[PDB]
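In the form deposited in one PDB entry, a lone chain appears below as structure tokens.
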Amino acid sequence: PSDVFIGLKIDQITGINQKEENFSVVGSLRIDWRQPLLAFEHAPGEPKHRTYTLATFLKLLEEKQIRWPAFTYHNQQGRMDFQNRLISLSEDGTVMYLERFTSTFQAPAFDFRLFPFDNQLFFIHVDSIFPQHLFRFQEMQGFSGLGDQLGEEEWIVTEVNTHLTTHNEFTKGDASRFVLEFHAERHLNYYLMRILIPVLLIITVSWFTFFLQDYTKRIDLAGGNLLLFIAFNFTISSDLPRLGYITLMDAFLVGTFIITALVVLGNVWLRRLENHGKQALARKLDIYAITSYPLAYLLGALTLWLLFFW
């Protein structure tokens, strides 16, 4: 068998789609191979290295009746665009190949249930067409990976890896597979500032209602604080992804709605007790409401942690 050295490098992640579950990149694929049948002596005044396009070089190989180690991108989505496809040929028969491209790729491992605390997995598979007794992939050391970013991005890359495996077609011979994989995360700082801090203030305004004496005014104030929560919710709607299943962020907001609505219902009942002449009993229930309100939020937090992270 003949050894083929291969590597892949990604310049830039050009987009990520959370609803369709795919991602897009710009990158470069490189292969080194040696074929002694291609060795030559340069003509008088000719340079020491010959250069062809892939279209030009494949004709040369067909005129010599030489087999090319062809390969394919197994999780590609749609059409792929090439910026350049270039070949250098050595005096000794060494072939150096390079192709540079733009493309989209399938991402079947995406899972957003722990949003915004989620970490996602990305990969690209390259497959040999011929079986492993003709051609065997070897890992080109030093080349493969991701380049550095230059401004400010949405996703932060945490880990990068490459390894070699096999695949099979037509129930015959196994063939080589090359894998590049990486992991990435969000800026949690941004969600603290945009969502948590203002919701905590809204929660505080609802608690402060128990500090006043007239139940009539309380009903007005509690009602208005529920409309304020709803108004805020649509103001953040563009930061929430459109998914047909439940997230941690969804559970948090619905639970806040439930507790704030219950404050309206309680103050109506305290007014009813006052109208029936049971002021002292209503005054006693008020004292229990003040202390149990923060305990309800603390026990809800604990519940969400158990259901989503264990």
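A residue's number is simply how far along the shown sequence it sits, counting from 1.
Here the subject shifts to the form deposited with a small molecule bound, a form of this protein not shown in this document.
Original post:
Exactly one stretch in 94 to 102, 174 to 182, 234 to 242, 161 to 169 has heavy atoms within 4.5 Å of the small molecule in the bound PDB entry; which is it?
Top reply: So the stretch in question is 94 to 102.
Original post:
Is residue 71 a contact residue for the small molecule in the bound PDB entry, using a 4.5 Å heavy atom cut-off?
Top reply: Yes, residue 71 lies within 4.5 Å of the small molecule in the bound PDB entry.
**OP:** Tell me, yes or no, whether residue 134 is in contact with the small molecule in the bound PDB entry, where a contact means a heavy atom of each within 4.5 Å.
**Re:** The answer is no: residue 134 has no heavy atom within 4.5 Å of the small molecule.
**OP:** Answer for residue 146 alone: is it within 4.5 Å of the small molecule in the bound PDB entry, judged on heavy atom distances?
**Re:** No, residue 146 sits far enough from the small molecule in the bound PDB entry that none of its heavy atoms falls within 4.5 Å.
Original post:
Quick one: is residue 31 in contact with the small molecule in the bound PDB entry, heavy atoms, 4.5 Å cut-off?
Top reply: Contact with the small molecule, yes.
**OP:** Could you tell me if all three of 54, 57 and 87 have a heavy atom no more than 4.5 Å from the small molecule in the bound PDB entry?
**Re:** Every residue of the spot touches the small molecule in the bound PDB entry.
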